[PDB]
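Descriptive structure summary
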Amino acid sequence: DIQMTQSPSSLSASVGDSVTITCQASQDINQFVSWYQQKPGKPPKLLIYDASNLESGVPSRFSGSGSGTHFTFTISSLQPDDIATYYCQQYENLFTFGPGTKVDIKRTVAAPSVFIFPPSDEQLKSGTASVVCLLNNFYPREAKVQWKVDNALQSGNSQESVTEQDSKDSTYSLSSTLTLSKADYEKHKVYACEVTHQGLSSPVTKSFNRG
Amino acid sequence: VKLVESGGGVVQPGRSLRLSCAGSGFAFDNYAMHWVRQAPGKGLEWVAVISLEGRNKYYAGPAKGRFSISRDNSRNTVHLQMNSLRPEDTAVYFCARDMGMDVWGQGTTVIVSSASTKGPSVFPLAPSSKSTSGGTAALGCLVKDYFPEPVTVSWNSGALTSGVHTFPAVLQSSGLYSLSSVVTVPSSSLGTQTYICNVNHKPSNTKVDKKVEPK
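Reference entry: report on the structure contained in this document. (Residues numbered from 1 in each chain as written, not as in the entry; some residues may be left out. Chains lettered and ligands numbered in written order. Heavy atoms only, no water.)

1. Side note on the side chain of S173(A)
Using the following cut-off: Numbering of helices and strands runs from the N terminus, with a helix taken as a DSSP run of H or I at least four residues long and a strand as a DSSP run of E at least two residues long. The buried label applies to any residue whose accessible area, calculated with a 1.4 Å probe on protein chains only, is under 20% of its type's maximum; exposed applies above 50%, and partly exposed to all values in between. Think of a polar contact as two N or O atoms within 3.5 Å of one another; within protein, one of them needs to be a possible hydrogen donor and the other a possible acceptor, and neighboring residues in sequence only count if both atoms come from side chains. Two residues qualify as a contact provided that any one of their heavy atoms is within 4.5 Å of a heavy atom in the partner residue.
Within the secondary structure, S173(A) is located in strand β17 (residues 172-181). Judged by its relative accessible area of 0%, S173(A) is buried. Engagement of the side chain of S173(A) in a polar contact is seen with the backbone nitrogen of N137(A), the distance being 3.2 Å. With near-sequence residues (within four places) excluded, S173(A) lies in contact with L135(A), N136(A), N137(A), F138(A), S161(A), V162(A), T163(A), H165(B) and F167(B).

Rendered as structure tokens:
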């Protein structure tokens, strides 16, 4: 069936800059596309149809051009409410949304402030242990958390999530929790969270000894 | 104009659920209707379309013959019956009208899981030297092992908003959810100001106020 690419996967530009985003098809779809903008927790909003026709009430700074295989949605002067994920969509035959592309505001790099929390003694009574690592007020969004227990790489037993770009400082924050049994927790000594980020010349490590 | 979805809820894997979509503000028979779904943190996925008078039906791959999209041009409603749902179908389910999809609904959330309704255990994330950085301390509340979403969290009954980060929840391997909410405060304020996270899990009728004191 018809599948569509969206390039890039994420984009960053400053307020007033020109944002150009591409969408590709697995077919010659001529000019039969729509583009949508969707903000967190909100339904999509239709912006452009037939590749170039703006919808009613959509600012003139939103423009598109199309050519069967290669399509360009362009925000000609990025405004602060243009922070969203943008989705192209084909309808030359059936309908398929692209993967989408997130657009955030570009600010200077900010390294994360790293904080680490041992599991509470209340939780340890429950029979489980969660170790929490917080990465605060960093930019850009891309960061890597790597859990180590007595230097061992933890892989697959942690989960993380990220805030949306803060409305006034434009940074992200991330929280990762390492889940492990109380019995495994009491069996190891050094618990460490090692952060990789563009603002760090070398990975920063936050660690504690059980006790 | 307005589309209002209904249905939604926790249903067991393999069991049934029907979604409804009421449309106010226009003649319903002029437009084709869509159902579009969105998994947590994933992009829009087109489910199906119904032709303006119901003659032409088309579905997406992942439907795999399990869904059925019908239409009631007299009641201005479209439906989508889901007979044998898989956890892979967990998502917000949107309504949209088409000739582009200009009008959408706010969406209704289908939760497909065998987990039983459960209120969270609120554990402190106590501030310590290893949660401190140059006079800024971090503290929080781990809202662990609850089902289903949502859980709301404020601090000191809403009197504390600056420096709060309440992170998106995550679905643990156990099928229960877990989220954290963290605040950054001055270090020197630790021994003076009291920090309480007010947690509310209405599906389980559980409200918890958890004071977070240092170690």
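Once the structure has been displayed, the description carries forward.
2. Brief notes about the packing of aromatic side chains
Quick note on the threshold: Side-chain rings of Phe, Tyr and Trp (the six-membered ring for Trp) are treated as a pair once their centres are within 6.5 Å; stacked means planes under 30 degrees apart, edge-to-face means over 60, and tilted covers the remaining angles. For a ring to carry a charge above it, either NZ of a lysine or CZ of an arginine must fall within 6 Å of the ring centroid while also lying within 35 degrees of the normal to the ring plane.
Summed over the entire model, instances satisfying the criterion amount to 13 aromatic pairs over all chains. Aromatic side chains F62(A) and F73(A) sit 5.9 Å apart centroid to centroid with 55° between the ring planes, which places their arrangement in the tilted category. Of this pair, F62(A) sits in strand β7 (residues 62-67) while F73(A) sits in strand β8 (residues 70-75); the two residues are 11 residues apart in sequence, bridging distant segments of the chain. For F73(A), a relative accessible area of 0% gives the class buried. Between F95(A) and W46(B), the aromatic rings sit 5.0 Å apart at their centres with planes inclined by 80°, giving edge-to-face as the arrangement. Note that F95(A) is positioned in the loop between β9 (84-90) and β10 (96-97) and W46(B) in strand β5 (residues 44-50), a pairing that runs across two chains. Looking at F95(A), the relative accessible area reads 17%, which means it is buried. For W46(B), a relative accessible area of 5% puts it in the buried group. An aromatic cluster is present here, built from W35(A), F62(A), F73(A) and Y86(A) joined pairwise through their rings. Across from the ring centre of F67(B), 5.1 Å away, lies the NZ or CZ of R66(B), which sits over that ring.

3. Observations concerning the pairing of strand β12 (residues 113-117) of chain A
Residues and elements named next belong to chain A. Going by this rule: A strand pair is defined by DSSP finding two or more bridges across the two strands.
Judged by how many residues are buried, β12 sits mostly within the fold: 4 of 5 residues are covered. In the sheet, β12 pairs with strand β13 (residues 128-138) via 5 bridges, with the strands oriented antiparallel. Residue pairing across strands places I116 opposite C133, the latter belonging to β13.

4. Brief notes about unusual backbone geometry
Peptide bonds are, in most cases, trans, and in most cases residues other than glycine have a negative phi. Note the cis peptide between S7(A) and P8(A), where omega equals -5°. Relative to the elements of secondary structure, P8(A) occurs in the loop between β1 (4-7) and β2 (10-13). Going from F147(B) to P148(B), the amide bond is cis rather than trans, its omega being -5°. Within the fold, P148(B) resides in the loop between β13 (136-146) and β14 (152-155). Notably, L94(A) is not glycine yet its phi reads approximately 60°, a positive angle. By the secondary structure assignment, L94(A) is in the loop between β9 and β10. Taking relative accessible area as the criterion, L94(A) reaches 29% and is therefore assigned partly exposed.

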